[PDB]
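Protein chains in written order, with the working numbering: chain A, 12 to 513; chain B, 16 to 104; chain C, 22 to 170; chain D, 908 to 1048; chain E, 15 to 48.
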């Protein structure tokens, strides 16, 4: 039996009945800020409320538009509690603030109007650095860059990264505007140049993205890359690739070159329903990306990857959390050609499988007996020249493959051992990592005395402990791992750390 | 592009229903009307004693619906006239 | 201040005697040799058995923020290196700096300065030189700067 | 003494401002104008009128107060522009009316008035569009 | 620098015959001084 003042909403209460907070939450979906419920039950919805104005405090650097455009409750319209509550999640997913506090205040001049107030404290966003080196052996070396997610508080994401040295020079410039249109359409792109002394390349790309739902968005765009190779050391996989394109490198002769100009199309799909931008406790994220060639390009291929992660709390306080991380990917050729070798997938390092040296997981190079030369004494890989061997030379020099899968499980725990001014920036986890990288089109029948790189079952495994700390200079991650499953040619590195901003 | 990009619903103005609009009569005081309907969100700031009640809804992937009332009062706070625009022209 | 000790490896039995600050003693195996160590700021570490070596040093305080730390290390499988490290620290309302320098011998010379300002400002530069010894270093300088916000 | 001796003492109340020690300038309490700034945004010539105006309001609590009045009116202006694009036609009318009532004298209002000229032409409220056009012409020059 | 010294003077506004402007808020009123 429901009694009291039900302002035209009697069915809704019978429906929720067949509670203590659901009647209030229900009325909160309409402009009823302060109803009363007593208990069969007698309620009083009260008066309909309107929002007189929305004001902010504590945004000393970010542009006001940055926050106002994220609200779903509009001024001069009736209040809803869900319409306001979504503002906290929307601001938190930006990653710009330490916290979002909210309130509702009564207007002294009338019982039926309120002010809605959001109060935030701005966090450090990115960093600028550079460095130098000189000397009798170092010669001249210089590197520099800057990266920020919120440039001068204006909402643009920018960065510049590059270096100059005696063997390799490069630079990359990237800019993007999450808001080109008032509805959330984003634009952006980058330019890069990378000349490594021989692998010289450069290129550019531009993309567009736009939301299609409250939690989902799409991306697509265009780009171009130039690739100029020379002085390529003979390898079986490299020559297989070259042969597939009509090239005929001379046997055991590194005096060679090849270049292409390739235009491609980019696309992707993103789902993001996370609660927080740093140490999320709920939600999941799915990032599906890929690109295909445009007919008329020198290369013909496609590449697709998928990155996922899920956070699930197992308590009431959101302190004990289970995090699953998975990545898959595959690419291939079109038109009868193989996928270019410089697009191969790699794994190993803090971004994939812990405890292995970067880009060491997977197939290794097999070298031809290169023509004997003046580098045979002590300047080369002995069996890679005629001076050391007359047959196919095995190595531990990882070259990567055409497909991979990596996964881990991390059990996230609090570390209530240090003062809050530190503890709120530190979280730790126990982890188990595994992954595999493998090839296709591997003629293991022709190479019967050599490893068969087509067998994906050779899964590499490790586990260990990691700590993440949101340092004021940029998040850092430190860890130690012990490998359990390793194969011939693998190299371990148990003490590792890197920048924690991915 | 403009045909598929998601846009959230936009609400503006006072919330009206015929059940309550039909209750207003000439001769009611400003306090009686404000009580029955709620505080106006718009008025003439330039010396005319009148209130504007605007009900506006612009849902996503939809046109705009709007209904308005105008309430004209004299210098004594007595309602003198009511206008009604049930739909946009 | 004195007494015997033993340890069982795991095979191998090692025994010895400690006698007195600076403590010295000897050990034999069932290789055998003498040892000594001391901690005072200063330290001594001496060992010689049927491999041998020594390490020692002293921390002299010049000013509250400045120090001289003569040290030496000698090994034999004595041959080794000696030197004196120096430095001084600086601080202020929102910053700290440490400057380091020293000189040892194969002249092995090094200088540098490392600074931190407020929360987001970091700098440092270090330089290595050597001359008149087993090997020379004519130019070896590295430096970094960081500014976050 | 010399200002360099005051700064030396700070390392070891104009010195508080000279050394950028704002926490102390506040602890010592139109000085809050010193808070409505930024060194990097200043260097690049960025207009800070769209940032939090609470410090300016605290400062306001001779002609320097006119600068502050404009400082506050500009903030209100930028908010109205956002809503003009978003389409919150009522929020726009009410906030601009607020600007007009509170700061009839600043330039930000004269710049704002066309926002009402447009707002009263999207809601079919022609009488107000006319009144706004008339007051715009009356004060034009 | 003392950017405030470049602030433009404030103007007064008027209404056309038949209507008035909103009543000036009492807040932020600056007196005329020498």
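For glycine and all other residues, C-beta sits at the position ideal for the given N, C-alpha and C.
8 Å Cβ cutoff met for residue i and residue j
i	j	result
residue 6(A)	residue 1000(D)	Because chain A in this structure spans residues 12 to 513, residue 6(A) falls outside the shown range and cannot be described.
residue 465(A)	residue 455(A)	yes
residue 102(A)	residue 133(A)	no
residue 60(A)	residue 76(A)	no
residue 446(A)	residue 333(A)	no
residue 917(D)	residue 926(D)	yes
residue 995(D)	residue 86(A)	yes
residue 366(A)	residue 493(A)	yes
residue 176(A)	residue 232(A)	no
residue 86(C)	residue 109(C)	yes
residue 16(A)	residue 958(D)	no
residue 1046(D)	residue 991(D)	no
residue 413(A)	residue 451(A)	yes
residue 848(D)	residue 1027(D)	For chain D, the structure presents residues 908 to 1048; residue 848(D) sits outside this window and is missing.
Simplified DSSP assignment, three categories, for residue i
i	result
residue 505(A)	coil
residue 58(B)	strand
residue 236(A)	strand
residue 61(C)	coil
residue 962(D)	helix
residue 424(A)	strand
residue 139(C)	coil
residue 85(A)	coil
residue 170(C)	coil
residue 181(A)	strand
residue 1015(D)	helix
residue 52(B)	helix
residue 916(D)	helix
residue 23(E)	coil
residue 255(A)	helix
residue 338(A)	strand
residue 1043(D)	helix
residue 19(B)	coil
Spatial neighbours of residue i in its chain, beta-carbon cut-off 7 Å, leaving aside the 5 residues before and after
i	result
residue 511(A)	479, 486, 487 and 488
residue 208(A)	178 and 179
residue 46(A)	35, 38, 54, 55, 56 and 57
residue 384(A)	396
Spatial neighbours of residue i in its chain, beta-carbon cut-off 6 Å, leaving aside the 5 residues before and after
i	result
residue 132(C)	122 and 148
residue 162(C)	148
residue 74(A)	164 and 165
residue 27(B)	71
residue 1(A)	It is not possible to answer for residue 1(A), since the shown part of chain A is limited to 12 through 513.
residue 27(C)	36
residue 153(A)	143 and 175
residue 136(A)	159, 160 and 161
Distance between beta carbons of residue j and residue i, contact taken as under 8 Å
i	j	result
residue 52(B)	residue 35(B)	6 Å
residue 241(A)	residue 209(A)	4 Å
residue 42(A)	residue 50(B)	Residue 42(A) to residue 50(B), Cβ: 16 Å. No contact.
residue 18(E)	residue 1008(D)	Wrong, their Cβ atoms sit about 24 Å apart, outside the cutoff.
residue 34(C)	residue 25(C)	Going by Cβ atoms, the distance from residue 34(C) to residue 25(C) rounds to 13 Å, so no, they are not a contact pair.
residue 502(A)	residue 316(A)	With a Cβ gap of about 25 Å, residue 502(A) and residue 316(A) do not count as contacting.
residue 939(D)	residue 966(D)	4 Å
residue 392(A)	residue 378(A)	7 Å
residue 173(A)	residue 200(A)	About 17 Å separates the two Cβ atoms, so there is no contact after all.
residue 101(B)	residue 82(B)	5 Å
Cβ shell of residue i (< 8 Å), same chain only, five flanking positions each side left out
i	result
residue 54(C)	47, 48, 68, 69, 70, 71 and 73
residue 58(B)	65, 66 and 67
residue 164(C)	144, 145, 146 and 147
residue 168(C)	141, 142 and 143
beta-carbon residue i near the ligand FMN non-hydrogen atom, thresh 7 Å
i	result
residue 39(E)	Absence of the ligand FMN from the depicted structure is noted, as is the absence of any ligand whatsoever, leaving it without description.
- Touch check for the region 1003-1018 of chain D and the region 21-40 of chain E: three-plus C-beta pairs under 8 Å? They touch, by the three-pair rule.
- Task: Determine contact between the region 282-295 of chain A and the region 403-416 of chain A, defined as no fewer than three beta-carbon pairs at a distance below 8 Å.
- Result: With the rule of 3 Cβ pairs closer than 8 Å, the region 282-295 of chain A does not count as touching the region 403-416 of chain A.
- Cβ pair count under 8 Å reaching 3, the region 387-395 of chain A against the region 424-442 of chain A: Output reads no: the region 424-442 of chain A does not touch the region 387-395 of chain A.
- Message: Measuring CB atoms only, is the region 115-122 of chain A touching the region 1025-1037 of chain D, in the sense that at least three cross pairs come out at less than 8 Å?
- Response: Not touching, per the Cβ criterion.
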